[PDB]
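Q: Handing you this structure, nothing more for now.
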Protein chains: 6
Amino acid sequence: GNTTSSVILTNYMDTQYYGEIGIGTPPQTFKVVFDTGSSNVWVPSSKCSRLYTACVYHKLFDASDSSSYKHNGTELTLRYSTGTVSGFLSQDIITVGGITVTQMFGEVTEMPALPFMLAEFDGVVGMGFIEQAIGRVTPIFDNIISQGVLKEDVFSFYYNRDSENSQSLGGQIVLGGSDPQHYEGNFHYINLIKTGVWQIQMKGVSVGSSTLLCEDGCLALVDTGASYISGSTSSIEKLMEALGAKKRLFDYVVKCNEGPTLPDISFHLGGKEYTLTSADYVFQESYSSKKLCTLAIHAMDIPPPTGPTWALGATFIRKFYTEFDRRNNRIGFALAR
Amino acid sequence: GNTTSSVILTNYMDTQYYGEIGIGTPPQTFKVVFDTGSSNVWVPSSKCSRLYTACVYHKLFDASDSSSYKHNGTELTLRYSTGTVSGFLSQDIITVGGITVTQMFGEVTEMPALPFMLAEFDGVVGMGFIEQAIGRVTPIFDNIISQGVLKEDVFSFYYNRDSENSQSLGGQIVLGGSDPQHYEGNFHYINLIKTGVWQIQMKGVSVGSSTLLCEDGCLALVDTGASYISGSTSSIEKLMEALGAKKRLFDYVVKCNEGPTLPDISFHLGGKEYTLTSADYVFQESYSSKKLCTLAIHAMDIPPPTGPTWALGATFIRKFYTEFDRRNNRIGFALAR
Amino acid sequence: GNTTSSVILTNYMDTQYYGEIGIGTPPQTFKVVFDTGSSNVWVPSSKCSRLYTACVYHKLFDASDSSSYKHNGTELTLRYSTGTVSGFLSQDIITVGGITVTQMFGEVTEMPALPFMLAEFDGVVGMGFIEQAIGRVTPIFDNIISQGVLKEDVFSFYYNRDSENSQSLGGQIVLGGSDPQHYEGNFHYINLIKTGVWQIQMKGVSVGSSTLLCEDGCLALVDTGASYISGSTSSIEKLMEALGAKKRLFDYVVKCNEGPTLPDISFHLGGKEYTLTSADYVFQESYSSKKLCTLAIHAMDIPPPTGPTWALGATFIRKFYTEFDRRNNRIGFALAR
Amino acid sequence: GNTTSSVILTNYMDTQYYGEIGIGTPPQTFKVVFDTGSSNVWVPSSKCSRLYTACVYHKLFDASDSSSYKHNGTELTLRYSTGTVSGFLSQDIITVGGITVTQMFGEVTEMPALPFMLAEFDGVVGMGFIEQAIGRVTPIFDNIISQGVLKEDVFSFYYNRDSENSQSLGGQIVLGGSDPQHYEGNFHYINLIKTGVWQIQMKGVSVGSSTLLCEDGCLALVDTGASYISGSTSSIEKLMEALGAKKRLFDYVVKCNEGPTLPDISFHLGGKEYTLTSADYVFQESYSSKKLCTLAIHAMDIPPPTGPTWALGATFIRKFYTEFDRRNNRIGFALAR
Amino acid sequence: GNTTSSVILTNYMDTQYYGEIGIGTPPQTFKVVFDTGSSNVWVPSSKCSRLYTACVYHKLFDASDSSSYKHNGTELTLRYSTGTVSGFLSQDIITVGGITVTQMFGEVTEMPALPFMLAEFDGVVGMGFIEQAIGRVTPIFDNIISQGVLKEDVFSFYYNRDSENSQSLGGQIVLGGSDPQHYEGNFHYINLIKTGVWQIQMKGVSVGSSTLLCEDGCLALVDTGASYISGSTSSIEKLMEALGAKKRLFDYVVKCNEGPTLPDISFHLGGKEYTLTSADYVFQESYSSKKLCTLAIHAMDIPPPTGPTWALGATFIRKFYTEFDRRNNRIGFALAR
Amino acid sequence: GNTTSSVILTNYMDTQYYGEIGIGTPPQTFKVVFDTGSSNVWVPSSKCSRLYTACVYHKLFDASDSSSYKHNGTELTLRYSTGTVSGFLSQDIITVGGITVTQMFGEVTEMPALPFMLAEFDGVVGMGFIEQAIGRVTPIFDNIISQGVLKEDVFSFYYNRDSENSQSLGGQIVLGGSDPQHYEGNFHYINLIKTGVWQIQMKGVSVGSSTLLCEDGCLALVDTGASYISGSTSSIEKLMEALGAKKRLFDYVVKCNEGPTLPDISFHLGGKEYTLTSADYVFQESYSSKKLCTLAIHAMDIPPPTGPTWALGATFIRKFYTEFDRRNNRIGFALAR
């Protein structure tokens, strides 16, 4: 085919990027994260008990109002690194940037206050492979490919820096290609270890003038649905010792004055070193020594079979425009602009 | 009749106002919000699972200790804009400022951590109409009227500013009239759209030198149980654009230095303009440009049938002593003092 | 009569105190300072040209929009110790906390950026005497006494300490009496040197253990429209030498840790000693040995006839609740609170 | 017997002290609090629904991986002052500082987000008496005594101050004796009211130069599992009035500048006055008057039969090395170092 | 050609702007300031002795690790208005936001602590002309024009205001064009006095309502490598007298509350008036009457031939987006945003 | 003997270090500074008249309430470099971290507000020699050596850096030895010029690269009771000129951003160079280019016989752990930590 579609994304405190989708007839709209680390679509349901306060604070899909609804009802539970949702499968029409696709999704009826009350978004649109689809449900991108309308069998992510401006675009997902207006230089590609996961070989991680981590190679999950760059607890302990960062419950911090002079961190991928400066990974909220500044690098032990692995989320993608190539099973990176 | 009673209220961070009631024989006491936006009485129950941490941190009604208790047991679920509680109905004797009334109330056994762990109060005394009573339970004020002891069929709210002083009264509810010691000038009255809800016509909302909102009239719910003044998401977006406020997850903020010079907001009700200054709607916690200050105006989409509507909570009532007149179905306002 | 009327006041940084008046049918609402150190009422005009950038940033009165406006047009200039305004005389209903009074006042058309860009208030309500009113315009309080509605022929001021951790009342003016909530004990009065100015005899100002200033007496204006306790340049020079304070560049300062070592300052007024501690006169913006802190006492050379005199502004009034007694031409003080 | 074992503890923000234990074959490790205020062992279970986000963020015991596991399955619910957990009993081998003991513990399958998401620890090792054991399960210390290997039938707690250093030990529990390297002077002992609870008579509590609390004697629970020193709501109101502290939802605060000069608090136990200075009970996070500082003394109404009682947690134990003597039923205190 | 290339810039405290370049095969990545006020490229060397403590704390280039390095060794000294570096000439591939260009540059071996310990950047990329290049080394932009890839023969600078409440972009340089996202309206250009320096004629500098400086004209360097607007010592002395500013010890200051009373400063350039308001030129680090605030205008006596001249640095560029037009030997300015 | 005894110390703002002693049977507990620069013990008395406002705000000793008090009554005056106390001699049991010793000390009855209102401690424990004890009262350490309980005849001081983000130990004094936890490596000792004062020969003070002060030698008192490193007025004048520091009003300051450019200060003591970096001697209260920062070095003209001399106070001791060796009349230093 010959079309491409983009969805404009909103950027929330540099930790959540989401766009809009419509479900049903007439469309009921939802803020959703386009997530390469999962493969299911779900949104909160009108059948979700209001004793789930997260459901009181989000848009709820109501099937009783949709003339295009198709019942299925199979239970499913979706497990993420920072929380779990549960509900049941339904089918309806979903619009994503002017593509209309019939799609099986989850109507979530159990949505925990922690963390979903901290979600600006309502739901999730998984962009992973069917291999990782819970309930063996066909993912939305596979369904869009079937239609034979996308110019290429790929999608791309631009994640902007946060703005205080209204007229700064938070991000952009292009279905069927890439926007050259938001990257420069050439794409450089790495092949997936295996089809089924957006995960690649990483040859090394260095902090300053030393490959002190991933010395014998390791795994990098490229996860548009993760806020941060994460690694294993023990990998991160080492990294954070070297930065002189202190561990809290959920994050690491440094004294704010120390932030700007923290060293570079490089990620060795497919023969190119991908390099973040301090400004790229420190929430420089102040310059005061009497204050604490969060780092956009966390600990997360992703379990087998996907893990143990590093994850390269928004912290990484803000620097590097990312293209997900399904036809050739590879990820490409280019300097974002 | 000829009596009136008042209940002294405590003011918590200007967002929660509550007084004491006694339930049972001997009395088991509870901190409760007197709430014109709902019509049921409830308090937390001894039957509430301690897996509900909100129940571990509040006073629990225990029916086994009350010789005046009368079982009913009908389930009920109470839905508020910021959360839900659930339990079952019971009857017992309730004292409110020296009035003793036999009252059906809810013993809540499901009380979500978010938001009820943020409640300084234990329960709620709904002061709305039977028309909005869940379970068609007679509300406490209707039951008090039946006794034929109140001088007038009205109640009134004084909500003070917050104090660092002990000896500042947080607020006052007068059952059966008004305290002229806490208002000045004359009351000015608006008739309810309909008996059944404490909701009136609002002719316009202006921000500075411009009626930019509610240009063709809209609805104002007068809600002693809401912290803030709220309006529809789209009404508020407009208001907040004009103030130069930025939206966060739950609130809007401005830079603190900008607070004092923010413009007036007026609310056109029954032929009088009701005007708040910045000091009335900004939590001026600092004057620093490197800090964020919350506004006591929020977004809340109240659904049909009551909504879509604005709500005029504590932010408004601190400025304006409010009388609720059931005999003549109207709300009156006067400058608080 | 048997009424009083109160206006709640905003405190800006302990240097500006102001509240709401209404002008016109229907009311246009302005922030004003209630100023016992002048005798005219004025607000900025719609006719104020946009050149003066202080008029773009303050609420403007619009005669065309008031059915009770009555033209006068007479020119007038108002000279304060810090800044001068010119404009013309207008008439209308001014509303001040429940009282409605017909009043002549200034529509200010010349509003110098220096200092009125610093003014958080729009205008000024002069509580001084007719003897000092420019244009011999009957001052507002005189006009309100003529109504015969006020219980006593006095008015009172409470100014509060500024607080970042509470949204307390910044202050209160009570027309027609006093509020026992904001003082303790009983008033002791000092008679005016003469009707016409709120000015009393002072019999000494001591610093710790020695009446080292104003032996042989001096004058004290009690000025609710002034931020500070002022004395003459020479007076304050000697006051600061006694305290160990030094001219930074613009203001006098102390090392913040040494503030609590500074001696009590005592103003001998009508037989009694009125004492401010260092906490009451130094802005303990911080307490460290590494910072400097300013004082709430400044040099002000007031010219004849009113000066040379001390002025007792906000600083003093914060400590001592003040009643201005027009019937008896005296001033009452009582502590706190 | 002749052995003693110690477990090194980690100190988290001075509010949680925990060490490591191993459960199962091969060992599955867990961070646990050694808690004299309870008598059960539990850790989170692999059977805990991932809709409990607290279970997503902690180490989960998985019985399917343990060749030493012994099923029992009896339900149990453990109620603490700040929350509840629920699950069922299992038996397995537990290692604590080189002692290996077969132990019945709780596999928790219900673990509320509030407060368990704020737990750095995974589980709890109750060190109380069988008398208070839920399910009449033999506590771990009783089981260790049975082995006849401990030199003395006692255990001891050292709780360090918090450090920014890695190489500062957070705390230490000695099984079978005391470490003289972490105390000085002599132990001074008080007998338990009764065997069954780590609770003693307290003869008085003084704040400054006045026994204003516990004037006629009261109860002190010595609780290694509580963060703070607590007393009854009414006892604490009085204490906090005297310190000039303000009550918030969960804690009390003072202005930070006021912290260092707050008076001493003494606790009269078995004929010695145990004295904390401000530095011992104030989280001195800043010296600024524009900031709030938490006190490590809270309100908690412990119910019958253990209560009403004061609790002496970490705030007290940091100052005083504590020995728990089971053979002679007593608690001993000595100055920590 | 038809390409542009952009480099995203970090803003440190509104006084240092810098971004990423790569040098060598494979790239070694350094932070650099893009400096229209000089014409050489340099980074610190591996050969830089560890004595100069500024070399221990900055990224060092290592020729031995680059397969595209080509020795030159020629000595060179670079004199800035604040500090001097010496070193030797090297050649390699420098990569600048998607463009790869072969370039001669300085390996700096002498790096004085004063001021380079204060330097958040490693090195400097000179965007000035060959006429002013030490050693007559072809400047990087000239070398990039020679590739014939850039769409136009210009480059542009956006410098942003620093913000603690957002992780916004600190700035952007676009090689080969301009980004309409960061200005509004259209450029107006001023021609260079002569090819060779980014220096234009200035026809007046007014303070409010009077061209009181630079009547009879003066020179203005537009210097992206300077923190401030500078003028000559005498010029700035008279500028500060007009503003009411005073020499603290090192810098000129105003009382923070009086900043908003300061007059607009206007630079008459090419027929148009370029105006900074007080918000644009004063560091409102705070707004209180109790604090002093510094200005973003400093005295700098630049020596011949380039000086004596005004310099328009970051302060100016923050207000006016700047395009440097090499084809036409002129400079474009447009507002904001 | 074979014991040591330690007292944990509170750090107030890096300028006052003090801990707990007990006096009387039963103990009355006072905060004291452990002062190697004086030789008497004193606390404030119950007999101290309430005039001296410093006595109302400090713990007072009450002889009437101690069964081990033994009257002496002899008058004594104690002159420190900053302030003077007078009072009378008393005897009692003083308890100091596990040691009980009978001691003669001062009951202070005259306690000048200047400077003792600034004193966070109640009293002083003189660790100097009998030769300098007013009234030739045996100093406390001598009395403790006479017990023959201490393992070695020395005592040691650890002073910590102040921290807002941790409740760390502020310091530690060890009587009878040293704590390897708070230094690294091994002590190197400097012999006393003579028994009787904790004063050593200094062979030079260099600023960066030049012994520009104290060539031809000078004296150094090692004073645990002084906040700073002091030198003579002339000495410090030349020291500050070399650093670029200037007299603000009261203290010397640097621009906070320029602190890290200041040279190492090195004190040549007993053959070795003891070096403080700028981090160790400047109070980096902030790091901005818009703020000024004070130094922890001050001018102090000490009079004969003890002076003129440098004093090495808290500033020095923070860097170098200090052991005072009474057996060998020398002082040991080791780094950190």
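Going by the structure tokens order, chains are called A, B, ..., each with residues numbered from 1, while ligands are numbered from 1 in the order shown.
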Write out as a Markdown table the residues of chain E that have any atom within 6 Å of an atom of chain A, one row each with the nearest atom pair and its distance in Å to one decimal, counting only C-alpha atoms, sorted by chain and then rising number.
A:
```
| residue | atom | partner | partner_atom | distance |
| --- | --- | --- | --- | --- |
| E:98 | CA | A:185 | CA | 3.9 |
| E:164 | CA | A:285 | CA | 4.3 |
| E:167 | CA | A:162 | CA | 5.6 |
| E:168 | CA | A:163 | CA | 5.0 |
```
Q: Might you pull out every residue within 8 Å of residue F:216, with only C-alpha atoms counted and same-chain residues fewer than 2 positions away left off, and present them as a PyMOL selection string?
A: chain F and resi 203-204+214+218
Q: State, in Å with one decimal place, the distance from atom CA of residue D:72 to atom CA of residue D:48.
A: 16.7 Å
Q: Have a look at atom CA of residue A:94 and atom CA of residue A:5 and let me know their distance in Å, one decimal.
A: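 Result for atom CA of residue A:94 versus atom CA of residue A:5: 14.0 Å, one decimal.
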Q: Check stretch 40-259 of chain A with DSSP on the backbone and list each residue it calls strand (DSSP E or B), as a PyMOL selection string.
A: chain A and resi 41-45+61+70-80+83-96+99-110+123-126+150+154-159+171-175+183-192+199-202+204-207+213+218-222+229-231+246-247+252-255
Q: Give me, as a VMD selection string, the residues of stretch 27-268 of chain A that a backbone DSSP run labels alpha helix (DSSP H).
A: chain A and resid 53 to 56 113 to 116 140 to 146 233 to 243
Q: I'd like the contact shell of residue C:253 - 6 Å cut-off, only C-alpha atoms, skipping same-chain residues fewer than 5 positions apart - returned as a ChimeraX atom specification.
A: /C:245-246,293-294
Q: Please save N, CA and C atoms of the selected residues as a PDB file, in the first residue's frame.
A:
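To be explicit, this is the file written out as selection_14.pdb:
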```pdb
ATOM      1  N   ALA C 245      23.391  47.096  63.661  1.00  0.00           N
ATOM      2  CA  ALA C 245      23.015  47.039  62.239  1.00  0.00           C
ATOM      3  C   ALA C 245      23.849  47.981  61.342  1.00  0.00           C
ATOM      4  N   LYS C 246      23.996  47.580  60.082  1.00  0.00           N
ATOM      5  CA  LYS C 246      24.752  48.328  59.087  1.00  0.00           C
ATOM      6  C   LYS C 246      23.979  48.458  57.758  1.00  0.00           C
ATOM      7  N   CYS C 293      19.991  39.599  57.329  1.00  0.00           N
ATOM      8  CA  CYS C 293      18.555  39.779  57.489  1.00  0.00           C
ATOM      9  C   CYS C 293      18.218  41.258  57.698  1.00  0.00           C
ATOM     10  N   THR C 294      17.138  41.712  57.065  1.00  0.00           N
ATOM     11  CA  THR C 294      16.688  43.103  57.143  1.00  0.00           C
ATOM     12  C   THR C 294      15.744  43.342  58.299  1.00  0.00           C
TER      13      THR C 294
END
```
Q: Which neighbours of residue C:60 fall inside 12 Å, counting only C-alpha atoms, when residues of the same chain fewer than 4 positions from it are skipped, and could you give them as number ranges by chain?
A: B: 208-209; C: 23, 28-31, 42-50, 54-56, 64-65, 106-109, 111, 121-123
Q: Since we have the selection now, will you write its residues out, keeping N, CA, C and O atoms, as an mmCIF file, in the first residue's frame?
A:
```
data_model
loop_
_atom_site.group_PDB
_atom_site.id
_atom_site.type_symbol
_atom_site.label_atom_id
_atom_site.label_comp_id
_atom_site.auth_asym_id
_atom_site.auth_seq_id
_atom_site.Cartn_x
_atom_site.Cartn_y
_atom_site.Cartn_z
ATOM 1 N N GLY B 208 -11.424 38.720 35.267
ATOM 2 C CA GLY B 208 -10.970 40.078 34.976
ATOM 3 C C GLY B 208 -12.086 40.933 34.383
ATOM 4 O O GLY B 208 -13.206 40.979 34.940
ATOM 5 N N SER B 209 -11.782 41.597 33.254
ATOM 6 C CA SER B 209 -12.716 42.539 32.596
ATOM 7 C C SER B 209 -13.422 41.900 31.384
ATOM 8 O O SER B 209 -13.512 42.509 30.305
ATOM 9 N N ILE C 23 -17.418 49.901 44.204
ATOM 10 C CA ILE C 23 -17.773 51.245 43.754
ATOM 11 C C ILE C 23 -18.709 51.170 42.536
ATOM 12 O O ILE C 23 -18.359 50.569 41.514
ATOM 13 N N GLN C 28 -18.002 47.688 41.155
ATOM 14 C CA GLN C 28 -16.724 47.308 40.589
ATOM 15 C C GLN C 28 -15.771 47.221 41.767
ATOM 16 O O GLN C 28 -15.668 48.177 42.564
ATOM 17 N N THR C 29 -15.075 46.089 41.873
ATOM 18 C CA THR C 29 -14.378 45.735 43.095
ATOM 19 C C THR C 29 -12.878 45.931 42.964
ATOM 20 O O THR C 29 -12.241 45.332 42.107
ATOM 21 N N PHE C 30 -12.327 46.740 43.864
ATOM 22 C CA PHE C 30 -10.912 47.090 43.880
ATOM 23 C C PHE C 30 -10.277 46.698 45.191
ATOM 24 O O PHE C 30 -10.916 46.737 46.224
ATOM 25 N N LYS C 31 -9.002 46.344 45.131
ATOM 26 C CA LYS C 31 -8.182 46.150 46.325
ATOM 27 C C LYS C 31 -7.709 47.507 46.828
ATOM 28 O O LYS C 31 -7.129 48.268 46.046
ATOM 29 N N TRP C 42 -9.286 57.074 46.636
ATOM 30 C CA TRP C 42 -9.082 57.075 45.195
ATOM 31 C C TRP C 42 -8.845 55.677 44.650
ATOM 32 O O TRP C 42 -8.303 54.816 45.337
ATOM 33 N N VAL C 43 -9.267 55.476 43.402
ATOM 34 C CA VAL C 43 -8.981 54.270 42.622
ATOM 35 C C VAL C 43 -8.474 54.729 41.262
ATOM 36 O O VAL C 43 -8.683 55.877 40.907
ATOM 37 N N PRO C 44 -7.782 53.856 40.509
ATOM 38 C CA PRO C 44 -7.381 54.189 39.135
ATOM 39 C C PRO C 44 -8.569 54.239 38.158
ATOM 40 O O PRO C 44 -9.523 53.474 38.310
ATOM 41 N N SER C 45 -8.498 55.109 37.152
ATOM 42 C CA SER C 45 -9.623 55.308 36.216
ATOM 43 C C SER C 45 -9.502 54.570 34.877
ATOM 44 O O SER C 45 -8.407 54.243 34.415
ATOM 45 N N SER C 46 -10.651 54.338 34.250
ATOM 46 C CA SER C 46 -10.707 53.864 32.862
ATOM 47 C C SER C 46 -10.098 54.912 31.916
ATOM 48 O O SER C 46 -9.522 54.580 30.876
ATOM 49 N N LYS C 47 -10.243 56.178 32.310
ATOM 50 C CA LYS C 47 -9.674 57.316 31.605
ATOM 51 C C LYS C 47 -8.159 57.419 31.808
ATOM 52 O O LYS C 47 -7.526 58.303 31.236
ATOM 53 N N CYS C 48 -7.569 56.534 32.612
ATOM 54 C CA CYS C 48 -6.117 56.531 32.787
ATOM 55 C C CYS C 48 -5.394 55.966 31.551
ATOM 56 O O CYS C 48 -5.477 54.760 31.272
ATOM 57 N N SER C 49 -4.676 56.839 30.836
ATOM 58 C CA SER C 49 -3.936 56.455 29.625
ATOM 59 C C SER C 49 -3.000 55.261 29.859
ATOM 60 O O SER C 49 -2.374 55.150 30.917
ATOM 61 N N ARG C 50 -2.895 54.392 28.851
ATOM 62 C CA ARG C 50 -2.129 53.141 28.954
ATOM 63 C C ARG C 50 -0.605 53.342 28.956
ATOM 64 O O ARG C 50 0.144 52.379 29.149
ATOM 65 N N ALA C 54 1.623 51.273 35.089
ATOM 66 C CA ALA C 54 0.897 50.936 36.314
ATOM 67 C C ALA C 54 -0.632 50.899 36.156
ATOM 68 O O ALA C 54 -1.324 50.272 36.964
ATOM 69 N N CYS C 55 -1.160 51.568 35.134
ATOM 70 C CA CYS C 55 -2.592 51.501 34.824
ATOM 71 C C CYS C 55 -2.991 50.268 34.022
ATOM 72 O O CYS C 55 -4.131 49.823 34.112
ATOM 73 N N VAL C 56 -2.074 49.717 33.234
ATOM 74 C CA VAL C 56 -2.371 48.481 32.515
ATOM 75 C C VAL C 56 -2.482 47.307 33.505
ATOM 76 O O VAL C 56 -3.239 46.356 33.274
ATOM 77 N N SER C 64 -18.853 55.060 33.061
ATOM 78 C CA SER C 64 -19.912 54.826 32.074
ATOM 79 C C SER C 64 -20.783 53.629 32.464
ATOM 80 O O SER C 64 -21.968 53.596 32.124
ATOM 81 N N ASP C 65 -20.203 52.669 33.187
ATOM 82 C CA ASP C 65 -20.927 51.462 33.619
ATOM 83 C C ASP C 65 -21.541 51.522 35.027
ATOM 84 O O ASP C 65 -21.753 50.477 35.635
ATOM 85 N N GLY C 106 -11.237 60.025 44.196
ATOM 86 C CA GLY C 106 -10.385 60.297 43.059
ATOM 87 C C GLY C 106 -10.406 59.200 42.013
ATOM 88 O O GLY C 106 -10.227 58.022 42.327
ATOM 89 N N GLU C 107 -10.644 59.595 40.768
ATOM 90 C CA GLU C 107 -10.334 58.753 39.624
ATOM 91 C C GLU C 107 -8.925 59.131 39.208
ATOM 92 O O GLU C 107 -8.709 60.210 38.659
ATOM 93 N N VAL C 108 -7.965 58.259 39.494
ATOM 94 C CA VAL C 108 -6.568 58.571 39.219
ATOM 95 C C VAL C 108 -6.210 58.291 37.753
ATOM 96 O O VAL C 108 -6.441 57.201 37.233
ATOM 97 N N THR C 109 -5.673 59.316 37.097
ATOM 98 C CA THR C 109 -5.292 59.250 35.691
ATOM 99 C C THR C 109 -3.775 59.292 35.499
ATOM 100 O O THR C 109 -3.291 58.909 34.431
ATOM 101 N N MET C 111 -0.374 57.776 37.255
ATOM 102 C CA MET C 111 -0.022 56.707 38.176
ATOM 103 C C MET C 111 1.393 56.234 37.886
ATOM 104 O O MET C 111 1.591 55.264 37.153
ATOM 105 N N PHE C 121 -2.170 46.538 45.593
ATOM 106 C CA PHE C 121 -3.503 47.096 45.709
ATOM 107 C C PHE C 121 -3.737 48.030 44.542
ATOM 108 O O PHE C 121 -2.781 48.486 43.913
ATOM 109 N N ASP C 122 -5.012 48.294 44.261
ATOM 110 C CA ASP C 122 -5.406 49.206 43.201
ATOM 111 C C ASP C 122 -5.422 50.626 43.733
ATOM 112 O O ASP C 122 -4.926 51.540 43.090
ATOM 113 N N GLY C 123 -5.991 50.813 44.918
ATOM 114 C CA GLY C 123 -6.273 52.156 45.408
ATOM 115 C C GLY C 123 -6.118 52.347 46.896
ATOM 116 O O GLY C 123 -5.551 51.524 47.572
#
```
Q: Excluding residue C:83 and residues on its chain fewer than 5 positions from it, collect all residues at most 10 Å away from it, counting only C-alpha atoms, and give them as a ChimeraX atom specification.
A: /C:78,111-116
